[PDB]
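Working notes for the structure below.
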Amino acid sequence: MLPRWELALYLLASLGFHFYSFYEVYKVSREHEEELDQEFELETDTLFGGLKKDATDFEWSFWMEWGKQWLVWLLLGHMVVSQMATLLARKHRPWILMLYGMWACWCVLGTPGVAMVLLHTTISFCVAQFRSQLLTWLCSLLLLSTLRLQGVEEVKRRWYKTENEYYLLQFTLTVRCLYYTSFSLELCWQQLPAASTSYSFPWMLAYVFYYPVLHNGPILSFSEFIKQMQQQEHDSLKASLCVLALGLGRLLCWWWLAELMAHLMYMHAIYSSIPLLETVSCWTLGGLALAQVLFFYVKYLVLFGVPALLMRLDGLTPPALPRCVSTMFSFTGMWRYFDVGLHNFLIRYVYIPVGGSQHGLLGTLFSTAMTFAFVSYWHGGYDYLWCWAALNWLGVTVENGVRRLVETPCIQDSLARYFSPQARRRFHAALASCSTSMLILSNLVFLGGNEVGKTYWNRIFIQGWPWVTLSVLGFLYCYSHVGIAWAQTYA
Amino acid sequence: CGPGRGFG
Amino acid sequence: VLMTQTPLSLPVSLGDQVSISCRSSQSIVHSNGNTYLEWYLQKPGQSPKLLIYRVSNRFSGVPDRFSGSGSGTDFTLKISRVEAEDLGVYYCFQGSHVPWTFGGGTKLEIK
Amino acid sequence: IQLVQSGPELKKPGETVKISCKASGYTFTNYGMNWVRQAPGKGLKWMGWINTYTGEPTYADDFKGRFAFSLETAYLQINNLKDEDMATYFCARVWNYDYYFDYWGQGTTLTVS
Ligand SMILES: CCCCCCCCCCCCCCCC(=O)SCCNC(=O)CCNC(=O)[C@H](O)C(C)(C)COP(=O)(O)OP(=O)(O)OC[C@H]1O[C@@H](n2cnc3c(N)ncnc32)[C@H](O)[C@@H]1OP(=O)(O)O
Ligand code: HEM
Ligand SMILES: *C(=O)CCCCCCCCCCCCCCC
Numbered sequence: 001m002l003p004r005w006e007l008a009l010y011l012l013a014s015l016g017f018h019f020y021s022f023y024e025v026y027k028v029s030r031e032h033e034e035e036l037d038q039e040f041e042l043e044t045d046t047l048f049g050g051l052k053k054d055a056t057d058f059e060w061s062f063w064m065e066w067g068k069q070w071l072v073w074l075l076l077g078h079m080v081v082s083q084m085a086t087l088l089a090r091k092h093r094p095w096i097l098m099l100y101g102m103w104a105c106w107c108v109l110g111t112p113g114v115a116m117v118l119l120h121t122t123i124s125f126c127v128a129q130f131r132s133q134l135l136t137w138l139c140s141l142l143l144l145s146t147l148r149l150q151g152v153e154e155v156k157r158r159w160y161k162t163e164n165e166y167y168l169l170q171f172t173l174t175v176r177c178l179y180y181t182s183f184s185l186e187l188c189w190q191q192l193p194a195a196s197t198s199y200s201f202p203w204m205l206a207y208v209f210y211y212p213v214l215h216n217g218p219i220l221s222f223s224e225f226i227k228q229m230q231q232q233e234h235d236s237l238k239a240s241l242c243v244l245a246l247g248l249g250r251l252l253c254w255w256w257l258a259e260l261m262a263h264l265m266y267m268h269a270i271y272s273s274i275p276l277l278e279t280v281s282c283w284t285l286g287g288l289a290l291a292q293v294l295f296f297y298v299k300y301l302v303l304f305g306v307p308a309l310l311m312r313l314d315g316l317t318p319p320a321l322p323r324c325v326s327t328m329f330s331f332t333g334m335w336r337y338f339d340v341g342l343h344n345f346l347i348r349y350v351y352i353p354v355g356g357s358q359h360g361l362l363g364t365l366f367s368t369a370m371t372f373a374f375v376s377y378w379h380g381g382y383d384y385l386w387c388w389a390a391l392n393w394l395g396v397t398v399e400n401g402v403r404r405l406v407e408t409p410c411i412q413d414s415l416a417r418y419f420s421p422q423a424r425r426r427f428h429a430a431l432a433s434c435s436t437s438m439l440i441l442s443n444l445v446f447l448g449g450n451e452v453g454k455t456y457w458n459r460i461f462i463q464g465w466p467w468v469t470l471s472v473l474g475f476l477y478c479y480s481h482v483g484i485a486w487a488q489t490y491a
Numbered sequence: 024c025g026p027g028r029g030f031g
Numbered sequence: 021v022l023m024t025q026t027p028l029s030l031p032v033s034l035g036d037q038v039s040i041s042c043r044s045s046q047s048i049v050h051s052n053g054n055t056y057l058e059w060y061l062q063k064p065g066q067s068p069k070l071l072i073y074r075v076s077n078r079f080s081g082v083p084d085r086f087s088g089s090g091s092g093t094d095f096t097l098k099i100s101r102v103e104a105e106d107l108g109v110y111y112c113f114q115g116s117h118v119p120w121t122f123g124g125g126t127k128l129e130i131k
Numbered sequence: 021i022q023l024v025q026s027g028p029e030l031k032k033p034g035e036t037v038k039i040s041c042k043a044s045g046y047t048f049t050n051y052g053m054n055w056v057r058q059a060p061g062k063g064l065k066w067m068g069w070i071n072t073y074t075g076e077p078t079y080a081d082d083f084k085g086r087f088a089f090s091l092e093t098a099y100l101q102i103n104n105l106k107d108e109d110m111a112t113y114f115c116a117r118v119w120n121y122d123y124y125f126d127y128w129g130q131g132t133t134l135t136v137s
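In structure tokens form, the structure reads like this:
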């Protein structure tokens, strides 16, 4: 174990560079407030003493715009209906929840939204009746591809007036793709007599039309859903009130933090203006990167707590909420611990069926590639997303290869003999810093886009290699000590 | 997660 | 789940009705709304064969005289007329609660 | 539809043995496979099962840490470390609905002494 004093020094350095970079980004935003306001409209509110919120982000300004109008009221109605069903008719709770989900989808997306969800569900079920996993995967891929077609997009836009309902329908269908694909694959793999009647059409309708995750919520494993819908054990509503109170308090705190950190610094406006990235100093570049990844983390905390809170009230166990990205230090850790539900779906339904490590390293590579391909194609399959997927697969493959190489008994014995485990920890932290220096760039490409990632690569690494790259590596080195030191808690 | 990607 | 059988050894003469009772430790009714309790006849020196799959149901091989009716916890199997070719060991098996457990075995003998 | 097993096997207490269950007459991956054992002085004990479609075995709590189910798709093998157990091992096809075991193997008597 490392001595406590120098680990505390590493934590101090990590917090110091986070906070100084945040201050630099705040200064840059304040000194460039007028031109950014002129180019992109900035929302004016009295929540923070007159500071102007940066509404350039799409997911935040879309989900809060929907929540203030329809989503929060419908989610509260779902909570009330679930509690009433648990109190009065516990046996028929899944069907009541399914009916409420259909009614909520109708009232929020018109008849076409419900009709399209039903069509996708029915087609997936009819195809899965053949009990072939490959045919089911092609059916799911075709159903997902029907979203990206220009003609279908034009028809769907003609369906709706506000043009935000079309985006809501697209997101709902994209999530439904995963949900009915998971159910269909589970039906294909079902060979147990006890579970023969669990995979029926009404159960598929109940699984698909679950309101908390109808639109954006995390992928809920069908095994857990079917297990919890049939417990017939009450949740002691007196404790459910306390659970709701604590969840609401935490969600309000998270939302306030997200609003504060969007108000103080205009991350999205700065990334939208590529010419401003070249002008601002390297400290501002690092601060923008850290603030952007942290804001994505906080935004998805807010956007996943509400489905998680609704599940916890419903008795379900939700997938674990994202861990703080300032803890993350490697590609595998980021994938395992950030988006738990989608990672579990990819492992169970995309990674394993193609074939995991059982086919050897080369086969593993293919499997990983396939998984990554799908997730990129799931998010839209844009060019920047494909570049992010390629870079991310390269990172994961390099991590796995190095871990396999170092864990060989001969090399492990040699490194144990040469130096103490303290030196091994220091070298592992330096390596993980060199890895996270590219992990953050890949995530910036995912968030900022191709231009933002290229600008970061040029300025941080190519243009300023002699001292800027070394300083970034050292700061991420202390950061990696902190991350690895905390990683033992959840290892 | 989140199907909202590529909009800015 | 521990499942017991009464009697352990059941001697009946040829052509006489026989009743075998299987008592479970707890409820066998599965969450699906049905109970998976089935009865297996293992003749000496070979593998068991299924007789009734769900309560009061009958397999294709089993003749009409292997009717067995049971409650939620205590189940029973009845042979109306023993044809002297039904001798063997009868096991009651539950599939609802993992791990799946067989019965002790009710050996039949000619008195 | 039939299932045929390897045959009698004699092994030393320290060694290990593999038992094969070959299924013919039906689509092998359609139905899972159940491995049970019958001790000379006891009744049937359900050791575990293997999902032929995906190859994901689930074992009973008692029969864990030493037994492993593998595929050869249409034989299906079991591996274990030898010990005082000498039970006869049965292989059973599991039907999709309403009943568990329909067709059984002959059973490979195992002698370990
Ligand atoms: C559309 C058209 C335009 C597109 C325009 C797109 C633009 C978009 C950007 C453009 C860019 C251009 C193209 C460039 C693109 C790249 O720049 S290439 C990107 C490739 N990605 C990477 O290289 C990242 C991977 N880097 C790394 O360093 C690896 O992750 C690591 C850290 C070495 C893997 O190590 P690990 O997974 O942490 O393994 P692990 O066993 O967990 O720990 C390390 C072990 O080393 C042991 N160890 C002990 N002593 C030692 C010792 N002397 N040495 C080594 N190991 C030791 C430790 O004991 C430790 O073991 P444990 O203590 O854990 O038991
Ligand atoms: C060196 C810097 C940091 C370290 C070591 C760190 C560490 C942690 C850890 C280990 C957690 C627990 C994660 C979980 O249980 O889900 C956490 C929670 C959290 N972190 Fe950080 N963090 C850092 C910086 C930040 C920053 C700068 C922000 C926001 C601007 C932030 C936002 C959050 C939030 C919102 C939580 C949730 C707390 C909760 O759920 O109770 N973190 N932090
Ligand atoms: C749903 O689509 C999200 C899953 C995909 C992962 C997205 C990565 C988010 C960025 C995390 C940043 C971690 C880097 C840590 C550097 C400080």
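Residue numbers (PDB author numbering), protein chains in the order written: chain A, 1 to 491; chain B, 24 to 31; chain P, 21 to 131; chain O, 21 to 93, 98 to 137. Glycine included, each C-beta is placed from N, C-alpha and C at the ideal position.
Under the criterion of beta carbons closer than 8 Å, residue 88 of chain P and residue 59 of chain P qualify as touching, at roughly 6 Å. No residue range can be given for residue 98 of chain O, since it is assigned to no alpha helix (DSSP H) and is classified by DSSP as neither H nor E. Distance from the CA of residue 28 of chain B to the CA of residue 105 of chain A, rounded to the nearest whole angstrom, comes to 22 Å. One finds 24 in chain B with Cβ atoms closer than 9 Å to the Cβ of residue 218 of chain A, taken in chain order. Every unbroken stretch of the alpha helix (DSSP H) spanning 4 or more residues and falling wholly within the segment 408–440 of chain A is given here in chain order: 409–418.
A distance below 6 Å between beta-carbons, with the five flanking residues on each side excluded, links residue 128 of chain P to the following residues of its chain, in chain order: 30, 107. With respect to the C-alpha of residue 445 of chain A, the residue from A/480, A/483, A/82, A/389 having the closest C-alpha is A/389. Only residues of its own chain outside the window of five on either side were considered, and among them 438, 441, 442, 445 have a CB closer than 8 Å to the CB of residue 391 of chain A, listed in chain order. Here the C-alpha atom of residue 131 of chain O lies approximately 17 Å from the C-alpha atom of residue 87 of chain O. Here the segment 231–239 of chain A does not lie against the segment 321–328 of chain A, with fewer than 3 beta-carbon pairs under 8 Å apart. Minimum Cα-Cα distance from residue 55 of chain A among the listed residues A/268, A/119, A/124 corresponds to A/268. Between residue 70 of chain O and residue 100 of chain O, the C-beta gap is smaller than 8 Å, which places the two residues in contact. Residue 53 of chain O has O/70, O/117 as its beta-bridge partners, per DSSP.
Nearest to residue 96 of chain A by alpha-carbon distance, out of A/490, A/210, A/294, A/221, is A/210. At a cut-off of 8 Å between C-beta atoms, residue 230 of chain A counts as an interface residue with respect to chain P. Residue contact check for residue 126 of chain O against chain A: no CB pair falls below 8 Å. Ligand 1 never approaches residue 92 of chain A closely enough for any of its heavy atoms to be under 7 Å from the residue's Cβ. If you draw a 10 Å sphere on the C-beta of residue 156 of chain A, you find 16 or more other C-beta atoms in it, and that means buried. The three-state secondary structure of residue 43 of chain O, taken from DSSP, is strand.
The beta-bridge partner set that DSSP reports for residue 42 of chain P consists of P/25, P/95.
With a 10 Å radius around the Cβ and a threshold of 16 neighbouring Cβ atoms, residue 19 of chain A comes out exposed. By the C-beta density criterion, residue 136 of chain A is buried, having at least 16 other C-beta atoms within 10 angstroms. Taking a cut-off of 8 Å for Cβ pairs, the segment 455–470 of chain A and the segment 399–418 of chain A do not touch, as fewer than three such pairs fall below it. Proximity of the segment 474–484 of chain A to the segment 423–435 of chain A meets the contact definition, three or more beta-carbon pairs being nearer than 8 Å. For residue 208 of chain A, the secondary structure class from DSSP, reduced to helix, strand or coil, is helix. Between residue 61 of chain P and residue 90 of chain P, the C-beta spacing is not below 8 Å. When secondary structure is reduced to three states using DSSP, residue 327 of chain A falls in the coil class, being assigned neither helix nor strand. Excluding five sequence positions before and after residue 25 of chain A, the CB atoms of its chain that fall closer than 7 Å to its own CB belong to 265, 284, 287, 288, 291, given in chain order. Residue 77 of chain O is bridged by DSSP to O/70.
Any Cβ of chain A closer than 8 Å to the Cβ of residue 76 of chain P would place that residue at the interface, and such an atom is absent. Residue selection by CB proximity (closer than 5 Å to any heavy atom of ligand 3) returns A/293, A/325, A/328, A/339, A/440, A/443, B/24 in chain order. Note: residue 102 of chain O is bridge-paired with O/39, O/89 in the DSSP secondary-structure output.
Set against 7 Å, the gap from the CB of residue 428 of chain A to the closest heavy atom of ligand 1 is smaller. Taking a C-beta distance under 8 Å as the contact criterion, residue 33 of chain P and residue 96 of chain P do not qualify as a contact pair. Going by C-alpha positions, residue 310 of chain A is about 25 Å away from residue 200 of chain A. Residue 128 of chain O is bridged by DSSP to O/116.
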